[PDB]
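Some notes on the structure that comes next.
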Amino acid sequence: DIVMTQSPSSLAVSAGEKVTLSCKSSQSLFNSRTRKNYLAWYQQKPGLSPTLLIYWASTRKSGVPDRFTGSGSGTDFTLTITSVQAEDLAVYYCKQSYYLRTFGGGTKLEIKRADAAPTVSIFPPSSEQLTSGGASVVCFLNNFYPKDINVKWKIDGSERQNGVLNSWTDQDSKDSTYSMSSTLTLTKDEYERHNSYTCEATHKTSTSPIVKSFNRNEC
Amino acid sequence: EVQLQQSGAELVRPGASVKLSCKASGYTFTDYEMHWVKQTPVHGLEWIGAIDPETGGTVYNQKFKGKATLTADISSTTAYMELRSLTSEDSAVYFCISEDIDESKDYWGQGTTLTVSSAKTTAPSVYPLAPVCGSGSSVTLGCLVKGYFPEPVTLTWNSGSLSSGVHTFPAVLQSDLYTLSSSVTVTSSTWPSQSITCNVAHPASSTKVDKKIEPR
Numbered sequence: 008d009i010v011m012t013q014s015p016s017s018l019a020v021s022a023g024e025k026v027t028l029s030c031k032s033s034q035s036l037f038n039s040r041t042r043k044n045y046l047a048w049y050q051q052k053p054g055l056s057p058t059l060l061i062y063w064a065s066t067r068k069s070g071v072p073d074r075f076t077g078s079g080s081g082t083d084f085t086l087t088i089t090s091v092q093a094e095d096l097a098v099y100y101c102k103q104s105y106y107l108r109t110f111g112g113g114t115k116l117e118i119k120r121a122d123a124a125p126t127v128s129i130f131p132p133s134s135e136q137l138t139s140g141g142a143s144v145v146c147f148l149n150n151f152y153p154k155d156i157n158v159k160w161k162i163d164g165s166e167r168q169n170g171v172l173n174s175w176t177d178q179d180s181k182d183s184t185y186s187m188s189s190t191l192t193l194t195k196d197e198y199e200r201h202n203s204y205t206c207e208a209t210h211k212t213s214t215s216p217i218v219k220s221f222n223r224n225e226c
Numbered sequence: 034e035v036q037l038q039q040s041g042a043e044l045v046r047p048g049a050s051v052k053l054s055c056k057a058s059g060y061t062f063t064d065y066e067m068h069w070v071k072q073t074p075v076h077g078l079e080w081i082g083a084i085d086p087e088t089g090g091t092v093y094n095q096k097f098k099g100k101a102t103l104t105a106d107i108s109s110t111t112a113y114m115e116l117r118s119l120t121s122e123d124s125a126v127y128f129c130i131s132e133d134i135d136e137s138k139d140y141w142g143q144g145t146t147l148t149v150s151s152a153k154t155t156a157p158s159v160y161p162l163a164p165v166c167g168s169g170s171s172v173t174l175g176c177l178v179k180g181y182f183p184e185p186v187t188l189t190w191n192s193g194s195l196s197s198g199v200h201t202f203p204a205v206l207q208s209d210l211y212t213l214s215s216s217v218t219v220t221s222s223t224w225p226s227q228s229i230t231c232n233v234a235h236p237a238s239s240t241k242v243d244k245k246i247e248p249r
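From first to last, the protein sequence lines are chains A and B. Each residue of the first sequence is one higher than the one before, counting from 8 in my numbering. Each residue of the second sequence is one higher than the one before, counting from 34 in my numbering.
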């Protein structure tokens, strides 16, 4: 039961930089009959199956970009990305195939970029939802950086904490920003008791929050 | 073209068992070993075991011996994995993987999301989110996928032909029901003069719904 350990468990770099990922095995992966180190590297993007990058520790799979280079022998192996691209964000796993299979714990590769303010959009309940008897108010806080951000709902001018669910995207593979949805869920009865609905986004790019609001009876 | 077909989702009760299937095509079935891998947020990828379809021989991760049993049917080129005495610990995404004799190539299924729960399958409601009543350079539309169980849903726009400017937010769970949303940003010259539809698949209910975004 060969054990695999990866490090770091996460790291962030700006695009263009190099990264070195490490993977150590509990015993040698070198086969003294085929002269192979049975060590592989996989890239897993969110919502997709992992893809094979490197096998026999240094043989790059055909069609894999040149910037990926595996190295090592025995117990210590390295994945080098000689110039990180925005699309390279992923969790990278090593996997030994010497006696059985074992995956490392993975390295999550994140990208640093300049700060950017969120663009805020607010959405009243759809008429479809209301006819079905429910009412969700949705606010998107899109394409901001860094990932930390705060949302405040106000109903008729007063803070509302109950009924809010927040959800952050994975970092964007194209521009390296984050986005977040904030959904206030009410019954239709409760929605119709109030008039103004406001979502306030506070981000480190400005002291003033970014506010979007609407009034129910102006639909 | 080598393909491994797994079901999108299975929902089964705690204490029961389930037989996941993996239908292989595009290669000589007995040539390649078939492996199974578990994915969770807590443990990442865990190898479960592998079967040699030629011999029926199997081998297992110590952790899963007596949890999992791997079999294969050669004539239907299908590999199976039976999991027994299910707990919430077994809720996970399960992949099958065919290992080419050419070690430069392996082939992954799309993964089956197994949910161990007593809750009922619930198809989502899918709601179009058009902008607030009342102009700018560009416009943001949304799609709200509310109240489904179990995971997953997949969401596209215009059948995937609209993919730039898209943000799809991971689902959150509340009272045994998930909710997910997605936003898409386009120029005001494209919408509403061109049609924009969000497409939602919920494999556990065999649901495939289209919602065209229409102005309020």
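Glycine included, each C-beta is placed from N, C-alpha and C at the ideal position.
- request: Give me the Cα-Cα distance between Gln-34/A and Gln-143/B, rounded to the nearest whole angstrom.
  value: Roughly 32 Å between the two C-alpha positions.
message: Against chain A, with Cβ distances strictly below 9 Å, would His-68/B count as a contact?
response: Chain A contact via Cβ: present.
query: Nearest-angstrom Cα distance between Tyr-100/A and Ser-16/A?
result: Their backbone Cα atoms lie some 10 Å apart in a straight line.
task: Quick one: list the residues of chain A neighbouring residue 32/B, beta-carbon separation under 9 Å, in chain order.
output: Chain B is shown from 34 up to 249; residue 32/B falls before or after that span and cannot be answered.
- prompt: What beta strand (DSSP E) runs, 3 residues minimum, are completely inside the stretch 112-167 of chain B?
  reply: Here the runs fully enclosed are 125-132, 139-141, 145-149, 158-162.
- request: State yes or no: is the beta carbon of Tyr-65/B nearer than 9 Å to at least one beta carbon in chain A?
  value: It does not; no Cβ of chain A falls within 9 Å.
field: Three-state class that DSSP yields for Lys-179/B in the structure shown
entry: In the structure shown, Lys-179/B falls within a strand segment according to DSSP collapsed to helix, strand and coil.
message: Just verifying my parser: in three-state terms, what is the DSSP assignment at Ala-57/B?
response: Note: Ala-57/B maps to strand in three-state DSSP.
message: One question on the structure: do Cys-206/A and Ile-129/A come within less than 9 Å of each other, judged by their Cβ atoms?
response: Yes, these two residues count as a Cβ contact at 9 Å.
message: So with CB distances below 9 Å, who are the chain A contacts of residue 269/B?
response: Nothing about residue 269/B can be reported from this structure: the residues present for chain B run from 34 to 249 only.
field: Start-end ranges of the alpha helix (DSSP H) lying completely within the stretch 35-85 of chain A, minimum 4 residues
entry: Within the stretch 35-85 of chain A, no complete alpha helix (DSSP H) segment of 4 residues or longer occurs.
message: Between the alpha carbons of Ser-137/B and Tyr-62/A, how many angstroms are there, rounded?
response: Cα to Cα, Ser-137/B sits roughly 7 Å from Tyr-62/A.
task: Give a yes or no on whether the minimum CB-CB distance between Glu-34/B and chain A is below 9 Å.
output: Not one chain A Cβ lies under 9 Å of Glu-34/B.
Assumed close pair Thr-109/A, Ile-9/A - CB separation to whole angstroms, cut-off 8 Å: Going by Cβ atoms, the distance from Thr-109/A to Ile-9/A rounds to 5 Å, so yes, they are a contact pair.
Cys-129/B, buried or exposed, once every other Cβ within 10 Å from all chains shown has been counted against 16: Burial is judged here by how many other beta carbons sit within 10 angstroms of a residue's own beta carbon; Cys-129/B has at least 16 and is buried.
task: Report all residues from its chain with a CB closer than 8 Å to the CB of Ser-143/A; omit the five preceding and five following residues, and keep chain order.
output: Beyond the five residues adjoining it in sequence on each side, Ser-143/A comes within less than 8 Å, by CB distance, of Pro-132, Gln-136, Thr-190, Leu-191, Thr-192, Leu-193 in the same chain, given in chain order.
Rounded Cβ spacing between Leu-119/B and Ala-49/B (contact assumed at less than 8 Å): With 8 Å as the limit, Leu-119/B and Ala-49/B qualify as a contact, their Cβ atoms being about 6 Å apart.
message: Run through chain A and tell me which residues come within less than 9 Å of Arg-249/B, C-beta to C-beta.
response: By Cβ distance, chain A contributes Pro-131, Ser-133, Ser-134, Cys-226.
- request: Within the same chain, show all residues whose beta-carbon is closer than 8 Å to that of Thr-154/B, passing over the 5 residues directly before and after it, in chain order.
  value: Within the same chain, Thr-154/B has close Cβ partners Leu-44, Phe-182, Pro-183, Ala-237, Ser-238.
query: Can you give the Cα-Cα distance for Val-172/B and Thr-220/B, rounded to whole angstroms?
result: In this structure, the CA atom of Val-172/B is about 6 Å from the CA atom of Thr-220/B.
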